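Just so you know, the sequences run in chain order A, B, C and D.
Residue 73 in this note's numbering is what sits at position 73 of the first sequence, and the numbering runs on without skipping anything.
Residue 250 in this note's numbering is what sits at position 47 of the second sequence, and the numbering runs on without skipping anything.
Residue 446 in this note's numbering is what sits at position 96 of the third sequence, and the numbering runs on without skipping anything.
Residue 656 in this note's numbering is what sits at position 204 of the fourth sequence, and the numbering runs on without skipping anything.
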Amino acid sequence: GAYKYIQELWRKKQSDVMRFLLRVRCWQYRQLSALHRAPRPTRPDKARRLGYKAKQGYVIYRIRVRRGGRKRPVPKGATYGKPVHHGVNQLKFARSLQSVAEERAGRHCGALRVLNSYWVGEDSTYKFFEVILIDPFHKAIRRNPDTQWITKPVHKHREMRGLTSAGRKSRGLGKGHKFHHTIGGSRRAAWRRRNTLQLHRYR
Amino acid sequence: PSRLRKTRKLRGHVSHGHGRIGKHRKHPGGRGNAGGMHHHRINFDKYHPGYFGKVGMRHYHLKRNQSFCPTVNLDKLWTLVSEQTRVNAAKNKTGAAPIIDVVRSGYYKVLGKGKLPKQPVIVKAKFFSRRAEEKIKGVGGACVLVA
Amino acid sequence: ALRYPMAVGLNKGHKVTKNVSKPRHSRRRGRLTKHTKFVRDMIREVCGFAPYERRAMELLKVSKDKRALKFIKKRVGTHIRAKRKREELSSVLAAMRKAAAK
Amino acid sequence: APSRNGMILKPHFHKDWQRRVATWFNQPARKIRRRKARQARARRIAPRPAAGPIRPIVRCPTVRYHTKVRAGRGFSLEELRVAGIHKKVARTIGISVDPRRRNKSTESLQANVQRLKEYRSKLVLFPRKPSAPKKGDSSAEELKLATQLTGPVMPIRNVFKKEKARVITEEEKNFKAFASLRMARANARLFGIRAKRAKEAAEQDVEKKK
RNA sequence: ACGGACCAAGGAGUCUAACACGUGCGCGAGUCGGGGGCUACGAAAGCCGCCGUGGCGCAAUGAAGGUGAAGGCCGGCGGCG
RNA sequence: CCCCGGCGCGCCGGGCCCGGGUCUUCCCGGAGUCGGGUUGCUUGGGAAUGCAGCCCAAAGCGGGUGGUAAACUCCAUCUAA
RNA sequence: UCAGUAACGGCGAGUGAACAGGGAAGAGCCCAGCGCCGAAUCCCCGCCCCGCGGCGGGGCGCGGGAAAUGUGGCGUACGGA
Ligand SMILES: [Mg+2]
Ligand SMILES: [Mg+2]
Ligand SMILES: [Mg+2]
Ligand SMILES: [Mg+2]
Ligand SMILES: [Mg+2]
Ligand SMILES: [Mg+2]
Ligand SMILES: [Mg+2]
Ligand SMILES: [Mg+2]
Ligand SMILES: [Mg+2]
Ligand SMILES: [Mg+2]
Ligand SMILES: [Mg+2]
Ligand SMILES: [Mg+2]
Ligand SMILES: [Mg+2]
Ligand SMILES: [Mg+2]
Ligand SMILES: [Mg+2]
Ligand SMILES: [Mg+2]
Ligand SMILES: [Mg+2]
Ligand SMILES: [Mg+2]
Ligand SMILES: [Mg+2]
Ligand SMILES: [Mg+2]
Ligand SMILES: [Mg+2]
Ligand SMILES: [Mg+2]
Ligand SMILES: [Mg+2]
Ligand SMILES: [Mg+2]
């Protein structure tokens, strides 16, 4: 039951123990490159409850993403339009920094399949995420029925289509009165349905 | 069909029924309901009083099923049962009254417009108006409340 | 007197014999088991308290309870979440007094 | 521009609606495609009922529809438990199961339990190996007569209880439906405030007393 | 005052949606199957009826809680006188 | 007349050594996530529908939802990361 | 269908869903965790039999590695052991 203790310990992120580990680890992650293959999960309990298994064909990558919002990439701040669209600062990006992290791992390792990721550190400038990827051609993966699903071509670049857990959170999905925007599967699916004129033969 | 319409009669007539002076121009006066508080004010005030402004409380998440209450007047009450139901009750001597269940016919409240035949009846319903209850009682009937 | 079921009032509704059954198992989510309590008490021994909880406990020592709740609420966010936290920190404080007395 | 009397209209044609017009010329084609798949499915699963698994009886929510019963999604685990059908075995013999659904009242529960017992009585069960029957399998004489059923299985209907005419009693004549209705609304409306006023009076009188 | 050298061919109130009124037909306090289902022309046509859900109509009024559409005469009693 | 497929029936070598009910004793959950403040966008969502950045930062008969902000109190309904 | 409706909106112009109800189709499941099982798990190489244009089945190696920083079997909120 060690994973029970570790999970609870990683909930005390302002304790003396955990603050010391986060601070020194963030320092160490900061001296490496923005994309860096990790030898093992820094968080074995968090990794495994996100689908990671300790077998050949599962790999970890540590991604560093710059913190903060999204500046509008217009020259000299000119947007050339109406005042409603003059904003340059204080704009936010539609997707989380964790999702950006997974996309940067998924794009680099185009032959792997991103599964999930998790938080490992941050300072004022960077957030650090470890991404769980799978090699879809290792026979430890192809011959396991419980992981054959992610070797299918329909699961190529999940992180790049908002399919991972981090990515799908910015899509406004969910059941109930809070998520009417995406009835039909997505915002555009709801829009097309609500904006298509049904002209029946007999009308 | 296009053969029965004005265009076929307006061939050779230059302006096509829109005049030589005013012509048919694109959008004089504005598009749609423009001008309602302006150059179109007389039409709106004259024909659409009340159109501008706000009145009364807002209600978020209105659910029209909660206020579902179909009504039936007393003058249509006996149409909910069969014809033989009325005549058999009218001519019988024991004095048994038939039960008319308006909820089964799809109504909830019973309303008082009309006059009933001089014939006892037992009426089941969720709701009654005051005058409906008295008219039902004036013929020797009884009101029964269901849920 | 004669009484009927009604669609209005304090006893409104169609009458149905209520069936009593075992509550769905999903309804015990968040119930504290003795083992999970042991693990959480152990991590408190290893870890300790966060700075805002230490500062909140200084307020409770001097009996500044109204300011202790206001400080906690500004940190956790809600009145109900703050009330639970204030009670928990009070119990910790009271337990240390007992340990000192012993 | 408005012209004399008329209605004020706000057509929703201020977008590129012609880029998203859905015609229905494929409608006959869809009807033939769906029909051709119902038949091909019925042949595949024969002699199992073409409609599908038996569905329970449920009452429609809200006050507009609670007078009607219709087919639900699946039988509740309490209904299946009372009928002595294992929940994993239920689907294998054409019974639909809904683990989400609850049973609040007994009548609805017993209505669906009798439904399951009636369906179980009409079930003709072919042995897993044709040549080797087993304990619960139907006899060969009733396997010959087995034929595919069309339409929903044991269709659900709203049946009304006819009440015969009866002599009206003086107690029903004296009942005041409207006065009863109006006073019931008022009591519900003032129940909370009345108790609050009563509680204060008790405290108000107690303080003088002691 | 502007266009027009000449000939041919092409060339401009349409279609979708909504509304109003008029007219024609069907049924009629009802009416409508349009979605769905059943059974070459035919992607048609026929059917459904415990497929009428549903729309509109059959009830109005109030912001709402809500309420929601004729009376008189005769006889008897109680109260006022 | 060719070929491909589907559906059936036997042999060989393997794998499984498989279930129901009633009692007794035990066990049971996803965290820089929820939640809160603020900013910007977004929605019919209006004392703030969804999303995102920064700050704060959980609990365990708890947590979320219960379409008007908030305290108290019952209820209903689910079980997020 | 709800419904151009609840709602949004220099409450102007304009915008605008959901639940219920009727249908098409219909299918349900798996981990982490908590535990018990001597890691009971997996990959690759070499040899023998079978198959071999979808590279797999069985047998044998004091063959190599992965994996106790956790693989496999039982089991997942409908409770489970
Ligand atoms: Mg955007
Ligand atoms: Mg898919
Ligand atoms: Mg979130
Ligand atoms: Mg002329
Ligand atoms: Mg004209
Ligand atoms: Mg002209
Ligand atoms: Mg003019
Ligand atoms: Mg002029
Ligand atoms: Mg014009
Ligand atoms: Mg004009
Ligand atoms: Mg000129
Ligand atoms: Mg000229
Ligand atoms: Mg007409
Ligand atoms: Mg044809
Ligand atoms: Mg979960
Ligand atoms: Mg924008
Ligand atoms: Mg907007
Ligand atoms: Mg409220
Ligand atoms: Mg309408
Ligand atoms: Mg818009
Ligand atoms: Mg619905
Ligand atoms: Mg169907
Ligand atoms: Mg486990
Ligand atoms: Mg579940």
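Ideal Cβ placement from N, Cα and C applies to all residues, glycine included.
Where does residue i sit, in a helix, a strand or coil, going by DSSP?
i: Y311 (chain B); result: coil
i: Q600 (chain D); result: coil
i: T282 (chain B); result: helix
i: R62 (chain A); result: strand
i: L133 (chain A); result: strand
i: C346 (chain B); result: strand
i: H85 (chain A); result: helix
i: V370 (chain C); result: coil
i: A328 (chain B); result: strand
i: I506 (chain D); result: strand
i: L360 (chain C); result: coil
i: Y254 (chain B); result: coil
i: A94 (chain A); result: coil
i: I620 (chain D); result: coil
i: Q479 (chain D); result: helix
i: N639 (chain D); result: helix
i: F421 (chain C); result: helix
With distances taken between CB atoms, is the gap from residue i to residue j smaller than 8 Å?
i: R472 (chain D); j: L197 (chain A); result: yes
i: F527 (chain D); j: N564 (chain D); result: yes
i: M160 (chain A); j: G121 (chain A); result: no
i: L360 (chain C); j: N610 (chain D); result: no
i: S96 (chain A); j: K169 (chain A); result: yes
i: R72 (chain A); j: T79 (chain A); result: yes
i: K329 (chain B); j: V306 (chain B); result: yes
i: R64 (chain A); j: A38 (chain A); result: no
i: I460 (chain D); j: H243 (chain B); result: no
i: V576 (chain D); j: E593 (chain D); result: no
For the beta strand (DSSP E) that contains residue i, what are its first and last residues?
i: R113 (chain A); result: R113 to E122
i: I509 (chain D); result: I509 to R511
i: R522 (chain D); result: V521 to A523
i: residue 220 (chain A); result: Within the shown structure, residues of chain A are numbered from 1 to 203, placing residue 220 (chain A) beyond reach of any answer.
i: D304 (chain B); result: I302 to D304
i: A38 (chain A); result: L35 to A38
In the DSSP assignment, find the alpha helix (DSSP H) that holds residue i and state where it starts and stops.
i: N246 (chain B); result: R244 to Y250
i: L561 (chain D); result: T558 to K574
i: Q470 (chain D); result: Careful: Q470 (chain D) lies outside any alpha helix (DSSP H) and carries neither H nor E.
i: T210 (chain B); result: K209 to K212
i: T386 (chain C); result: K384 to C397
i: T514 (chain D); result: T514 to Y517
Of the residues that make up the stretch 353 to 372 of chain C, which ones have a beta carbon closer than 7 Å to any beta carbon in chain D?
-> Within the stretch 353 to 372 of chain C, the residues whose Cβ lies closer than 7 Å to some Cβ of chain D are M356, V358, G359, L360, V366, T367, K368, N369 and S371, listed in chain order.
Residues in the stretch 410 to 430 of chain C having any Cβ partner in chain A nearer than 9 Å | Residues of the stretch 410 to 430 of chain C with a C-beta less than 9 Å from any C-beta of chain A: none at all.
Three-pair Cβ contact test at 8 Å for the stretch 51 to 66 of chain A versus the stretch 111 to 119 of chain A | Contact annotation: the stretch 51 to 66 of chain A touches the stretch 111 to 119 of chain A, with at least three C-beta pairs closer than 8 Å.
Report yes or no: do three or more beta-carbon pairs, one from the stretch 602 to 614 of chain D and one from the stretch 322 to 334 of chain B, lie closer than 8 Å?
-> The stretch 602 to 614 of chain D, when compared against the stretch 322 to 334 of chain B, does not touch it at the 8 Å Cβ threshold.
Answer yes if the stretch 480 to 491 of chain D comes into contact with the stretch 271 to 282 of chain B, meaning at least three C-beta pairs across the two stretches below 8 Å, and no otherwise.
-> As far as the Cβ criterion goes, the stretch 271 to 282 of chain B does not touch the stretch 480 to 491 of chain D, which means the pair count is below three.
For the 8 Å Cβ check, are there 3 or more pairs between the stretch 537 to 548 of chain D and the stretch 501 to 513 of chain D?
-> The answer is yes - the stretch 501 to 513 of chain D touches the stretch 537 to 548 of chain D, with three or more Cβ pairs under 8 Å.
Taking a cut of 9 Å between CB atoms, which residues from the stretch 290 to 308 of chain B lie near chain D?
-> Taking 9 Å as the Cβ-Cβ cut-off against chain D, the residues of the stretch 290 to 308 of chain B that qualify are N291, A292, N295, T297, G298, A299, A300, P301, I302, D304, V306 and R307.
Taking a Cβ distance cut-off of 7 Å, strictly less, list which residues of the stretch 514 to 541 of chain D are near chain B, in chain order.
-> Listed in sequence order: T514, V515, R516 and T519.
With a cut-off of 8 Å, do at least 3 Cβ pairs link the stretch 409 to 416 of chain C to the stretch 433 to 449 of chain C?
-> Inter-segment contact for the stretch 409 to 416 of chain C and the stretch 433 to 449 of chain C is present: three or more beta-carbon pairs are separated by less than 8 Å.
Going along the chain, which residues of the stretch 593 to 618 of chain D sit with their C-beta nearer than 7 Å to a C-beta in chain B?
-> Answer in chain order: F612, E615, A617 and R618.
Segment contact flag, the stretch 298 to 316 of chain B with the stretch 253 to 267 of chain B, C-beta cutoff 8 Å, min 3 pairs | Segments in contact, no.
Selection of the stretch 550 to 580 of chain D by Cβ proximity to chain C, strictly under 7 Å = For the stretch 550 to 580 of chain D, which is checked against every Cβ of chain C, the residues closer than 7 Å are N555, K556, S557, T558, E559 and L561.
Using a Cβ cut-off of 7 Å, which residues of the stretch 616 to 643 of chain D contact any Cβ in chain C, in chain order?
-> Listed in chain order, the positions of the stretch 616 to 643 of chain D with a beta carbon within less than 7 Å of a beta carbon of chain C are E623, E624, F627, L633, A636, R637, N639, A640 and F643.
Would the stretch 384 to 402 of chain C and the stretch 14 to 32 of chain A be scored as touching if the rule is three or more Cβ pairs under 8 Å?
-> Judged by Cβ distances under 8 Å, the stretch 384 to 402 of chain C makes contact with the stretch 14 to 32 of chain A, as three or more pairs qualify.
Short-range partners of chain A found in the stretch 455 to 480 of chain D, where Cβ spacing is below 8 Å = Cβ proximity to chain A below 8 Å picks out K467, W469, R472, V473, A474, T475, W476, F477 and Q479 from the stretch 455 to 480 of chain D.
Inspect the CB distances between the stretch 356 to 374 of chain C and the stretch 624 to 640 of chain D and report whether three or more fall short of 8 Å.
-> Output reads yes: the stretch 624 to 640 of chain D touches the stretch 356 to 374 of chain C.
Mind checking the stretch 309 to 327 of chain B against chain D and listing, in chain order, the residues whose C-beta falls within less than 7 Å of any C-beta there?
-> Along the stretch 309 to 327 of chain B, the positions whose C-beta sits under 7 Å from a C-beta of chain D are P323 and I325, read in chain order.
Between the stretch 162 to 176 of chain A and the stretch 142 to 152 of chain A, are three or more C-beta pairs nearer than 8 Å?
-> Short answer: they don't touch.
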